[PDB]
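Take a look at this single chain in structure tokens; it is the form deposited in one PDB entry.
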């Protein structure tokens, strides 16, 4: 267990193991953390129900929450103050539809954040993900700005700029990273999830408004 001991989080954006957020999900569960999951709609319900039980432990809620509309979020986070009391972070992880692009998260964090505030009474972290222009820039500012607007209540906001991962020309991009990335290799759901367990942990209590690149060091290039 340990590190995320007696702690519980929402994981959004999960759909089909291959998904980046199941990656994060496992990585948090193994740190001994409890976790609610959400689903975007009809077809994404069964998949998220299927995956939550391939994990052992007291199985946790799988409530419906598409992010582009209020009630589903508002009532979805309403339920938590009413069913689990309080949580310790949120894992804004929308990375679908045209490779996560336009496409989302950019205008789904603020609301998502605002809602998190009320069910995160002790503090913790609101992670959001960037899967490797205008919307990278907004979301960038949105974090900075949320970091500082929700600091004093104990909420940290932090991003992960995550580089390409095994089939989640293209065939070229992947090699290009095996060839240029400082670590000469692409990334995995796992490197991305283990970064997360830190940001959510007690070790990352001074790290707020940061943005950690899980990209083999690719960012340092041009």
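Numbering follows the first chain given and starts at 1. For clarity, a rigid core is taken as the largest C-alpha set superposing within 1.5 Å between two forms.
- Per the record, residue 174 and residue 175 follow each other directly, and no deposited residue is missing between them.
- In this entry, residue 132 and residue 133 are separated by 10 or more residues of the deposited sequence that lack coordinates.
- The PDB entry reports B-factors from which the mean C-alpha value can be compared for 30-38 and 193-201; the larger average falls on 30-38.
- Set 134-142 against 91-99 and average the Cα temperature factors; 91-99 ends up higher.
- Residues shown: 148, 110, 74, 125. Highest C-alpha temperature factor in the entry: 74.
- Sort the modelled residues of the chain by CA B factor and residue 156 lands in the lowest third.
- For residue 220, the recorded CA B-factor ranks within the lowest third of the chain. Only modelled residues enter the ranking.
- Split the chain's modelled residues into thirds by C-alpha temperature factor. Residue 20 is in the middle one.
- Per-chain ranking of the deposited C-alpha B factor places residue 162 in the lowest third.
Only in words, not in the display: the form solved in complex with a small molecule, which the text now covers.
- Annotated contacts: 13, 21 and 94 all touch the small molecule in the deposited bound form [non-hydrogen atom within 4.5 angstroms].
- Of the candidate stretches 149-157, 27-35, 63-71, 193-201, only 63-71 has residues whose heavy atoms lie within 4.5 Å of the small molecule in the deposited bound form.
- Only one of 54, 172, 58, 167 lies close to the small molecule in the deposited bound form, with a heavy atom inside 4.5 Å, and it is 167.
- Among residues of the shown chain, residue 130 is one whose heavy atoms approach the small molecule to within 4.5 Å in the deposited bound form.
- The closest heavy atom approach of residue 104 to the small molecule in the deposited bound form falls within 4.5 Å.
- The small molecule is not drawn, but in the deposited bound form it has a heavy atom within 4.5 Å of residue 136.
- Within this chain, residue 181 is remote from the site of the small molecule in the deposited bound form, having no heavy atom within 4.5 Å.
- In a rigid core superposition between the shown form and the other one, 95 is the single residue of 95, 126, 120, 139 whose Cα is displaced by 2 Å or more.
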